[PDB]
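Residue-level structure breakdown
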Amino acid sequence: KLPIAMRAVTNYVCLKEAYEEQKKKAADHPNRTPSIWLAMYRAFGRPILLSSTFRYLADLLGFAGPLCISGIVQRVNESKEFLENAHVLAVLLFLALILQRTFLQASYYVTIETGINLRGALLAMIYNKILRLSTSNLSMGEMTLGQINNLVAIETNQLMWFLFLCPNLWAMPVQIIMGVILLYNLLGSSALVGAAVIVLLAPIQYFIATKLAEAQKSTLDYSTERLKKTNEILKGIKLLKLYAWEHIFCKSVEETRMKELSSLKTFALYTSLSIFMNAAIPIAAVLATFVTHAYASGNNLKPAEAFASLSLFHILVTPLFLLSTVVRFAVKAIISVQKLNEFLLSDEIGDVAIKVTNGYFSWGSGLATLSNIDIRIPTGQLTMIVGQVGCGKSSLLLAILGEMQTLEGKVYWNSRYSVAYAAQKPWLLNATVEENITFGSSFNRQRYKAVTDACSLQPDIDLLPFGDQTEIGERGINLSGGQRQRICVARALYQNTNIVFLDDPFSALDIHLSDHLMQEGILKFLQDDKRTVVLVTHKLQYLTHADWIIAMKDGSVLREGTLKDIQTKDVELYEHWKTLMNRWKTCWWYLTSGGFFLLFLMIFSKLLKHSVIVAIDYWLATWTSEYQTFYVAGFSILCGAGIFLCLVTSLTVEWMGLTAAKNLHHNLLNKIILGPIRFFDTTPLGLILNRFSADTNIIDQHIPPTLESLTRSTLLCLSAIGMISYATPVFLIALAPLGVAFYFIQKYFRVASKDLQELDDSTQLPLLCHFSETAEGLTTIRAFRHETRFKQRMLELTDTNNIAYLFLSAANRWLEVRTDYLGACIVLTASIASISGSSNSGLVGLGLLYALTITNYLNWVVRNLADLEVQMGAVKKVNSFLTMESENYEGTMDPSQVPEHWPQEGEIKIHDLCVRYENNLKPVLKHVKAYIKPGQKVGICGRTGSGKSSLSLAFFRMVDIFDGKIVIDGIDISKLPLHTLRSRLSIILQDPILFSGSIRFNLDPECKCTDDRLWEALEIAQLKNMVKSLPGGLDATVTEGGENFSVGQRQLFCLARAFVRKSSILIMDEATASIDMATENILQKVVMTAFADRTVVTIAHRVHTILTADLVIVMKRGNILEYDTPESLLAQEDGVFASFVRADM
Ligand SMILES: CC(C)CCC[C@@H](C)[C@H]1CC[C@H]2[C@@H]3CC=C4C[C@@H](OC(=O)CCC(=O)O)CC[C@]4(C)[C@H]3CC[C@]12C
Ligand SMILES: Nc1ncnc2c1ncn2[C@@H]1O[C@H](COP(=O)(O)OP(=O)(O)OP(=O)(O)O)[C@@H](O)[C@H]1O
Ligand SMILES: Nc1ncnc2c1ncn2[C@@H]1O[C@H](COP(=O)(O)OP(=O)(O)O)[C@@H](O)[C@H]1O
Ligand SMILES: [Mg+2]
Ligand SMILES: [Mg+2]
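Residues numbered from 1 in each chain as written, not as in the entry; some residues may be left out. Chains lettered and ligands numbered in written order. Heavy atoms only, no water. Residues with missing side-chain atoms left out of burial classes, pairs and counts.

Header annotation of the entry names cryo-EM as the structure determination method and lists the resolution as 3.4 Å.

As a reminder, the rule being used: UniProt positions are given in the numbering used here, feature names are shortened, and annotations may be inferred rather than shown by experiment.
Under the PDB entry, the chain has the name Isoform SUR2B of ATP-binding cassette sub-family C member 9 and belongs to Rattus norvegicus. Recorded in the entry header as its title is "Structure of SUR2B in complex with Mg-ATP/ADP". Turning to the chain, the UniProt annotation filed under Function states: "Subunit of ATP-sensitive potassium channels (KATP). Can form cardiac and smooth muscle-type KATP channels with KCNJ11. KCNJ11 forms the channel pore while ABCC9 is required for activation and regulation. Can form a sulfonylurea-sensitive but ATP-insensitive potassium channel with KCNJ8."

Some points on the overall build of the chain
We count it as follows: Going along the chain from the N terminus, every DSSP run of H or I of four or more residues is numbered as a helix, and every run of E of two or more is numbered as a strand.
Helices and strands together make up the secondary structure of the chain, namely 38 helices and 21 strands. Referenced to the eigenvectors of the C-alpha coordinate spread, the extents of the chain come out at roughly 120 × 75 × 50 Å.

Describing the coordination of the magnesium ion (ligand 4)
Here is the rule: In this listing, donors mean N, O and S atoms no farther than 2.8 Å from the metal, or 3.2 Å for Na, K and Ca; water is missing from the atoms, so a site can look incomplete. Burial here depends on accessible area, computed with a 1.4 Å probe over protein chains only, as a share of the maximum for the residue type. Under 20% is buried, over 50% is exposed, and the range in between is partly exposed.
The protein atoms that coordinate the magnesium ion (ligand 4) are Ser394 (OG) and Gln424 (OE1), at distances spanning 2.1 Å. Accessibility expressed as a relative area gives 22% for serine 394, which makes it partly exposed.

Let's talk about the site of ligand 3
Definition in use: The nearness test applies per residue and asks whether one of its heavy atoms lies within 4 Å of the molecule or strand. For the purposes of these results, a polar contact is taken to be a pair of N or O atoms within 3.5 Å, where, inside protein, one atom must be able to donate a hydrogen and its partner to accept one; residues adjacent in sequence count only when each atom of the pair is a side-chain atom. Each residue gets one label: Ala, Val, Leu, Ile, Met, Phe, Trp, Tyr, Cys and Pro are nonpolar, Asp, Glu, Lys and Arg are charged, and the others, such as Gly, are polar.
Close to ligand 3 lie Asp681, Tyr917, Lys922, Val924, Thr944, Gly945, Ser946, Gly947, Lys948, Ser949 and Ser950. Here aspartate 681 contributes a side-chain N or O atom positioned 3.4 Å from a nitrogen atom of ligand 3. A distance of 2.5 Å separates an oxygen atom of ligand 3 from a polar backbone atom of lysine 948. Considering every element that reaches the shell around ligand 3, the biggest residue donor is helix α29 (residues 948–954), with 3 residues. In terms of residue class, the shell around ligand 3 is made up of 2 nonpolar, 6 polar and 3 charged.

Concerning the site of ligand 2
Worth spelling out the cut-off: In short, Shrake-Rupley with a 1.4 Å probe defines the accessible areas, and a residue's cover is counted only from the protein chains shown.
Near ligand 2 there are 17 residues, and of these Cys391, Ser394, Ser395, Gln424 and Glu1043 occur at the shortest range. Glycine 390 places a main-chain nitrogen or oxygen 3.5 Å from an oxygen atom of ligand 2. The side chain of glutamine 424 places a nitrogen or oxygen atom 2.9 Å from an oxygen atom of ligand 2. Coverage of ligand 2 by the protein chains reaches 85% of its 630 Å² of free accessible surface.

Quick look at the pattern of salt bridges
Short version of the rule: Put simply, a salt bridge is a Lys or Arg side-chain nitrogen that is within 4 Å of an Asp or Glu carboxyl oxygen.
Counted by the stated rule, this structure contains 32 salt bridges. A salt bridge links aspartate 1035 to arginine 1000; the nearest nitrogen and oxygen atoms lie 3.0 Å apart. Of this pair, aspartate 1035 sits in the loop between α33 (1024–1029) and β17 (1037–1038) while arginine 1000 sits in helix α31 (residues 999–1003), placing them 35 residues apart in sequence. You can call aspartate 1035 partly exposed: its relative accessible area is 48%. Three or more residues are tied together by salt bridges with common partners; here these are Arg226, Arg257, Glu260 and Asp700.

Digging into the sheet that holds strand β15 (residues 986–988)
Where we set the bar: At least two bridges found by DSSP between two strands are what make those strands a pair. Fitted lines through C-alpha atoms serve as axes, helices being fitted only where they are in contact, and the angles separating the N-to-C directions of these axes extend from 0 to 180 degrees. In this description, contact between two residues means that some pair of their heavy atoms is separated by no more than 4.5 Å.
Reading across from one edge, β15-β18-β19-β12-β20-β21 is the order of the 6 strands in this open sheet, with mixed pairing throughout. Looking at strand neighbours, the two that pair on one side only are β15 and β21 (1119–1124), the edges of this open sheet. Across the sheet, the mean angle separating the axes of adjacent strands is 15 degrees when strand polarity is ignored. Of the pairings in the sheet, the one linking strand β20 (residues 1111–1116) to β21 comprises 5 bridges and is antiparallel in character. Residue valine 1112 lies in a different strand from β21, and its bridge partner there is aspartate 1124. The strands that helix α34 (residues 1047–1061) touches are β15 and β18 (1065–1069); relative to β15, the one it contacts most, it runs at about 170 degrees.

Focus: helix α8 (residues 190–199)
Two residues of an α-helix separated by three or four positions point the same way, owing to the 3.6 residues in each turn. For clarity, the threshold we go by: Our arc is simply the arc of the directions from the helix axis toward the C-beta atoms.
Where α8 is concerned, the buried positions are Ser190, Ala191, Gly194, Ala195, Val197 and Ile198. The buried residues of α8 occupy an angular sector of 160 degrees when projected down its axis, which confines them to one face. Turning to α8, the residues buried within the fold contact α7 (168–187), α9 (201–242) and α10 (246–296).

Some thoughts on the packing of helix α14 (residues 445–454) against helix α17 (residues 511–528)
Interhelical geometry of α14 versus α17 gives an angle of 145 degrees and a closest axis separation of 8 Å. Contacts from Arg447, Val451, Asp453 and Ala454 in α14 reach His516, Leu517, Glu520, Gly521 and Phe525 in α17. The residue makeup of the contact of α14 with α17, split by class, is 4 nonpolar, 2 polar and 3 charged.

With respect to the packing of aromatic side chains
Under the convention used in this document: Here the aromatic set is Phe, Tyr and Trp, taking the six-membered ring for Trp, and pairing holds for ring centres within 6.5 Å; pairs whose planes are under 30 degrees apart are stacked, those over 60 apart are edge-to-face, and all others are tilted.
In this structure the tally under the stated criterion is 31 aromatic pairs. The interplanar angle of 85 degrees and the centroid separation of 6.1 Å between the aromatic rings of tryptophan 37 and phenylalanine 162 together place this pair among those described as edge-to-face. Consider the rings of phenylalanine 290 and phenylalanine 313, whose centres lie 5.7 Å apart with planes at 45 degrees: the pair is tilted. Within this pair, whereas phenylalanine 290 is found in helix α10, its partner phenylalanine 313 is found in helix α11 (residues 303–344), the two being separated by 23 residues in sequence.

Let's talk about the domain arrangement of the chain
Under the convention used in this document: Residue ranges assigned to the domains are those given by an automatic or database domain assignment. Note: buried area is the sum, over both parts, of the accessible area (probe 1.4 Å) each one loses when the two are combined.
The domains assigned to the chain are domain 1 (8–346 + 588–883), domain 2 (382–546) and domain 3 (993–1049). When each unit is reduced to the centre of its C-alpha atoms, the spacing between domain 2 and domain 3 is 30 Å. Both sides together, the interface formed by domain 2 and domain 3 hides about 300 Å², and carbon and sulfur atoms give 61% of it. The largest per-residue losses of area from domain 2 upon contact with domain 3 belong to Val389, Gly390 and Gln424, which jointly make up 81% of the total buried on that side.

Details of the sheet that holds strand β8 (residues 548–553)
Strand order across the open sheet formed by 6 strands is β5-β6-β7-β3-β8-β9, with mixed pairing between neighbours. Whereas interior strands pair on both sides, the edge strands pair on one side only; in this sheet they are β5 (419–422) and β9 (556–561). Sheet twist, expressed as the average angle between the axes of neighbouring strands with direction ignored, equals 15 degrees. Note that strand β3 (residues 382–386) and strand β7 (residues 532–536) share 4 bridges and pair parallel. Bridging across to β7, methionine 384 finds its partner in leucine 535. Sheet contacts for helix α16 (residues 481–494): β5 and β6 (499–503); angle to β5, the most-contacted strand, approximately 175 degrees.

Describing empty space enclosed by the protein
Selection criterion: Cavity and pocket criteria rest on a 1 Å grid covering protein atoms alone: a 1.4 Å probe that fits but cannot get out defines a cavity, protein on both sides within 12 Å along at least 5 of 7 lines defines an open pocket, and an atom within 4 Å of a point defines a lining residue. Grid points are joined across faces, edges and corners, and a volume is the space filled by probe spheres set on the points.
Estimated volume of the largest cavity: approximately 560 Å³. Lining the largest cavity are 27 residues, and of these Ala279, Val317, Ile613, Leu716 and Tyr857 lie nearest its centre. Elements that contribute at least two residues to the lining of the largest cavity include exactly α10, α11, α21 (598–624), α22 (629–674), α24 (686–727) and α28 (841–880). Looking at the lining of the largest cavity element by element, the count peaks at 7 residues for α11. Considering only residue class, the lining of the largest cavity consists of 18 nonpolar, 6 polar and 3 charged.

Let's talk about a nonpolar patch on the surface
Spelled out, the test is: Note on patches: the residues involved have over 30% relative accessible area and no salt bridge, like charges join within 9 Å, and the nonpolar side chains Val, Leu, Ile, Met, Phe, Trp and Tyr join within 5 Å.
On the surface, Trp588, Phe596, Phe600, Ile603, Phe604, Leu607 and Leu608 cluster together to form a nonpolar patch covering roughly 710 Å² of accessible area. It is α21 that provides the largest number of residues to the nonpolar patch, a total of 5 residues.

Quick look at the packing of α11 against α21
Convention followed: Roughly parallel refers to an angle under 35 degrees, roughly antiparallel to one over 145, roughly perpendicular to one between 65 and 115, and oblique to any angle outside these ranges. In a left-handed crossing the near helix is turned counterclockwise from the far helix by less than a right angle, and in a right-handed crossing that turn is clockwise.
Packing of α11 against α21 leaves a shortest axis separation of 9 Å and a crossing angle of 160 degrees. Classified by the interaxial angle, the pair formed by α11 and α21 is roughly antiparallel. In the crossing of α11 with α21, the sense of the turn from one axis to the other is right-handed. In contact with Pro303, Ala306, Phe307, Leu310 and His314 of α11, α21 contributes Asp617, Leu620, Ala621 and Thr624.

Re the nonpolar core
Rules: To define a nonpolar core, start from buried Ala, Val, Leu, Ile, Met, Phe, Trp, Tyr and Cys residues and group those joined through side-chain atoms within 4.5 Å.
Judged by nonpolar contacts, the single largest core of 202 residues is most densely connected at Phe635, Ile672 and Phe1059. A domain split of this core shows at least three residues from each of domain 1 (8–346 + 588–883) and domain 3 (993–1049). With near-sequence residues (within four places) excluded, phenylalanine 1059 lies in contact with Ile988, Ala1017, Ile1020, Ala1021, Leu1066, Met1068, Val1087 and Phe1091. With 95 residues, the next largest nonpolar core counts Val152, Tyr448, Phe525 and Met581 among its residues.

The structure is reproduced here in structure tokens:
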């Protein structure tokens, strides 16, 4: 598959051992900063040393040029008989050239091999780091999943590209100094002035690199922030669109984008300055050297000395072409390795089945979240943990798993055994349903079918495209919340471990599915296997089945024992429980984004600059043909104009790139957020966030440099061809054969590169997805103790990706070799033609010296052209989203028709409403009719899939209405603008979507609310005390996803977010699914006493809540069966609502 030397495992072992030695060295000194750079040096130096050796040989074979040009010019002008003959010299020059290119390609080969090995090793290192880092890093804002993915995607690759270019950073100094010494030999002391001019590049480039590094660090910071915001928007589109907050968040993202673009503009300015200095300092050096020689050495330059000197100046200039690129990549790689080294130095993890004694545990802050934890989990018996929101239940489970640092106490596990964890927030991989349920276990049809039947997944999976073999999770078909949770519980049940930790598996399930699970999946299956079970549920009706009961309050265990033991000891708690139970074209578009003034300005300026440079060389040739005021003046003005045009041409391309990036991202963002919700439901979030992150990174930072280098190289090559044709006209005859060869080699390689690039992309997306899915749900992987299998999967995937990239690099080597040999042929033919058929001795020198140049710059033209193609692909994709369908915000109803207080009364009339999500799909609602009075408390109930949530989203026109009316306060919502409808009605969704920032930001992003009303809403939502206790009060931070809070607390925050708006109609959709009964009862009482005037429709998770309601609706497959008061439905014999009440109680 891949040679043992290039397997990721061996390179990883080497790098890890070197890094561990560096860690020991750091431990010794107070510096205490293990350095990745030295570890990489020790591990992978010898390859780079070999590459440097090859490059140093190539440099001498390059200096071979000036000598032969001198000899040929001298002989055309006027033992060892073969040595001087011009044709013999030309043959020798061709041979030396091919050998130099061979050595150069050898160095490039060694460096690419080492870079790929090091990328594999580093990905392995940071992956093992992911498998070791503590979740308290992601929970407290120390880092994010986005940063962990950014490392893998951008920063490792940037370091790899830098390693590709690494040898230059010391080979170029050597070559420049050697050229200066030889120039001294030729030109006397006059060459030392030019030597000083050239030397001044080192201070200049160091300063420019300092500024570039500052700018790049700022750009990376702002890009991370911008992508954080964009990812949150893409994930929470549903809530943002329902609340009409889309544009506020879009504006915030645009502000961060403006800051990032300012940083990018500073970086572009200094990159343009570096290019300008690199190009100009040689022109100034030539001017100074030759003026000084004219005025110092009375003897004029004979043609031989002159053309040798000009050739040496070309040899000096050739390395300077790359210097800007290498400084760019070195600065970016320095920042990347700083990030990687920060990541790799972070926080890491430190009968009775499980007993905890005097356990104090904390979530990393250093303050105990649990205290005096004295518990025991009896072996082979069901334990049930019961408590109100935020009482340390999930915390207790994770503490037993050892996921949070222990301040005191011990845990005994009569090393940890594999425990089956079904986390409260279900986590699914990107494999099929069968792969999620089996989760690395031998398939057994009997057990698989039993578990699937227990979790009632069979009806759901046969409705999927390819039942039991459909790609689930991100990058595949999405599943409803209940489906995902039941799949996760099925995964937990199917494994053959002995301890099963189920953290609230009934949150999304309805009464029927929940009861079926509780009976068949747990009480029967797990007891038949005699497995220990620990349940964390608010379903107090199941306490009769429990064998051991743990009661938690305010982080500490209040009481523990059997039900009878609790009744005997703590009568209060048992009585409380009983009371609670009631017992291409894209390239042209990118270029045109400038507006036809910057594009044409750029092209014209670059043409003129290259013309002036070649004119400088021609003037030197003619001047030394003299063998004077006029010549010095002409030379000086030529050089000055060259410098000026260098400056202009340096600025133009970078400005074009800045503008293109800004416009592309702005269009993408604005069009994406306006799209219909169906688009986000259908398209995986990956296919959008990738556009926003990776393609945007390309368009911002990779296209402008590639384009500018491409233009420089191509214009140098064309200019050399023109100068040669002027020197020897017959060369135009030989131009056609070589051009044909060029076309054919490029044809073949371009198709090959397309194919291998497709392979590389297809092999890397699974690797990034693996890093993602392991970063998330880390606790699950470490609970099943499947870390070894995941390490193996990572190793094999990275080996596959490395094989793909190795083939791509081999194709690059093929084309580089072919084109370099074509250039060598060009040099040989041009030298012969100039020797035999040129008019003046000066012309042959110019022709030969530009023949030398074509070889180097043709390779760059080819390589940069291919890179520009692959990079324009992303512009093609980002622009593609500009084709999307956009939701109709216009609205037919006139603004004057809409009152100032539209939902003043709150009455709604639903007339023959029928709704479906996409055309040619099943109508989920069927001729539903409703009449809710103003100031009416309605309760809607039913089984999952009855269309309650469809009816809820109908009010906000998030579901397409085939036929019907929804008349709210006398206006058909279809006529109104979308935002006036979606802003004057409030809805509480079941799944809490909480953004990063303060409590204020989540409660009121617009900051249009006084703190008093925020406190009021928090008090209604039963969170006033917790927020008061928090360090910052209403300014306290919320991490991404609200992970620093409990799930129930997240839902309560989502309730406060709706209570603040204070509209007249409130659609609460199963909002108390994750909230416990104790909190839920008081919350409902307070909401009824507070919103008594408004109309509230509550899609209820438990019918006990809507037992007290003015009106009750029961849905069944989109049909309203019964429409009356709860008393009437209860008194109906064999009614549906009565059965619901019996089951729930
Ligand atoms: C002029 C001739 C003789 C050689 C042309 C290249 C060289 C001048 C070498 C010597 C000094 C080197 C530079 C000096 C140090 C840096 C800064 C370095 O980035 C940092 O030091 C981090 C930023 C910071 O210091 O805060 C990136 C490479 C770079 C530009 C080096 C690139 C290669 C340079 C320019
Ligand atoms: N990931 C976390 N990082 C840091 N602190 C946390 C984290 N999760 C919860 N906390 C803190 O732990 C305390 C206890 O919450 P815990 O996570 O144990 O909730 P829970 O009782 O299992 O939740 P619920 O019953 O509402 O589902 C909360 O006050 C919260 O501040
Ligand atoms: N995002 C969606 N796209 C298309 N169809 C959906 C979507 N969500 C649910 N449905 C379909 O609508 C029907 C009712 O779903 P839903 O409204 O979620 O019921 P509930 O009232 O239990 O939430 C189901 O049969 C399901 O197939
Ligand atoms: Mg919990
Ligand atoms: Mg629903």
